[PDB]
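Heads up, what comes next is one protein chain in two forms, each shown on its own as structure tokens, labelled structure 1 and structure 2.
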Structure 1
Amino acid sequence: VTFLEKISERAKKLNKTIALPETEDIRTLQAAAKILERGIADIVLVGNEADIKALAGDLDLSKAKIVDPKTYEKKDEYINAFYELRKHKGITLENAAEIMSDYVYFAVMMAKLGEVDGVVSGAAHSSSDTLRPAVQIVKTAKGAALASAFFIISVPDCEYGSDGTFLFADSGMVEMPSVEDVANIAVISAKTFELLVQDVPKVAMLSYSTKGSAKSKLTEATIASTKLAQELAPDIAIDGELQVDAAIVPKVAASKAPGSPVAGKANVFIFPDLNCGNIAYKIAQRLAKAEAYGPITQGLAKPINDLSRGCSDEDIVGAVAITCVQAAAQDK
């Protein structure tokens, strides 16, 4: 069974509201009219009234909720709260009226205030433009130094990871993580694995080196980050530096890194930077026939996800479903 089928089913059990801002694109409506249709969640649409019922065509959205930045009965405290976290960044009140009238923003500040549980977009903008709303308004969770991105990778005939399932991170967002930032990526991705795959994360800090099989600036960066992460999170089994083969293969691990809590069992792969992360994941997907999921964001304070530039609405129902389960990571 599919990770996304598993997830979307778990996501139906919950009750969560997802504010989709891309209300001028007709995919973000094909998506919208299947959320309410399967019980995946409830879902806000952020944008002009003239768009909705006229654009998509004939699809039932009475189950949906329309809120325009210039219609809602609370729109005033949005130009105000935005101006409270841009309180240090040069933008006045009518500039806080220029930025906010955009749909992405209103969908994001609704999350910050708990009017909405989460946000999915990226499909019609990019991964530069999308994450600003996610950073400036939402900010991050407490046990989190940054917003990062990741991918769930399912490898077909595979006796590695968690039944062929892995989290790769960061493979989306963070171009050049510093050693501090890497260590945190490990910790935060462990909690995401647990949440989404529902298995014990064994986190591998990757490298061409394995426990000093080589030595350079590169290795030492990872070395350090392993050991930073091992402190941040003692309860989480975390090791580095590991090559991939030692990371996943008992026989190999047994000789390259004897008595490791991770080597030979890995299911979370952590990369030195985004050349590595993004190469690794595409290589899995295309040469290993792995199914890939993401980019999904993590370490955020309330879930807000990005989308591959070009995609279908069936992917979006996927993303919306993850934004739900994610949305059930703190409320307890």
Structure 2
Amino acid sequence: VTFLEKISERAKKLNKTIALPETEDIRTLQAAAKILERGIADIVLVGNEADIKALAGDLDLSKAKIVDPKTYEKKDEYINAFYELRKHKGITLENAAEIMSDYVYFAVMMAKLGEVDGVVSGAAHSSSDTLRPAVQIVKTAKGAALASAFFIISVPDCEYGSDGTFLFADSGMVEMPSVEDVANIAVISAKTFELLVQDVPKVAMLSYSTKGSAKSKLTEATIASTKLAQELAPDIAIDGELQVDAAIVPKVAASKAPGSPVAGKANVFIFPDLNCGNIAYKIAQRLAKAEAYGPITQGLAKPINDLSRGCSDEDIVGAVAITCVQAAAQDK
């Protein structure tokens, strides 16, 4: 019944391998044990194997694979690769070697080169410390997408959305997205929504204006983002410049935005910027009592996810499941 339960189950039927670089935190090892036992994924622990066996104790980690960044066969391939990416930003080959000794950095490079389908981390690292290797190493830029954070949001007795479930448009990362940024966030978000919720995405480019009902510089940005996004992905339902009520309430839709592909039915909210996106998600979580999952990152070439530093070991398990399912989209 619960969103997280659909994901974990889906994850088992899939056969993805996720890397866990924080092997000097118990929660990581506790979560791995439960993951391997429950069949959720195959696991690569990045760290010292002697040191892991000594921290693990009673935990059954026999099914996992241990990769030590300072002895692994492909070490030189991984340093060269990071050197190539970072070469023109003041990184020398010897710097790369040093930077590529960090477990997180090494794990992200494993997803980049195919040994692993995604990475989960952040129990024992700042958000920006997690984001940095992701952005530097796994970065994608082939088309209509941009790295961003989103939330899945499940409102309790809710008739709107996909059975009360929505995705929110960068409620946790890109602070001041440009017009293009917003367009691109809208497209990638439709794909994420489709993959994670398994329902037809209906994207609403939010505003205080519904359809020329008001006009300003903020209103023009939203409209311009809508039109660009419609060009970028004409096969997705995207309607633009919509207030929340016109976006999700059929009766409102009927007066303010009659005959729209999205108005009245919206299940994806795209925000003008992080002020709105963060404020909207908090209001939904706290005043609407919604369950919120995030921040989950999207827009990367491989799924790398960040965790709350106060996460529980069950929090890590869930995160692995979601990552595995995002790995389903990015197939081959």
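Each form is matched to the other, and the largest set of C-alpha atoms that superpose within 1.5 Å is called the rigid core. Throughout, residue numbering runs from 1 along the sequence of structure 1.
Undergrad: With the core superposed, find the residue in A144, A96, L232, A237 that moves its CA 2 Å or more between structures 1 and 2.
TA: Just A144.
Undergrad: Return yes or no for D273: a CA shift of at least 2 Å between structures 1 and 2, with the rigid core superposed?
TA: Comparing forms between structures 1 and 2, the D273 CA shifts below 2 Å.
Undergrad: Against the rigid core, is the Cα displacement of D51 between structures 1 and 2 at least 2 Å?
TA: Yes, the C-alpha moves 2 Å or more.
Undergrad: Aligning on the rigid core, what is the distance the CA of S126 moves between structures 1 and 2, in angstrom?
TA: The alpha-carbon displacement, core-superposed, is 2.2 Å.
Undergrad: How much does the C-alpha of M176 shift between structures 1 and 2, in angstrom, given a rigid core superposition?
TA: Displacement of the alpha carbon, after core fit: 0.9 Å.
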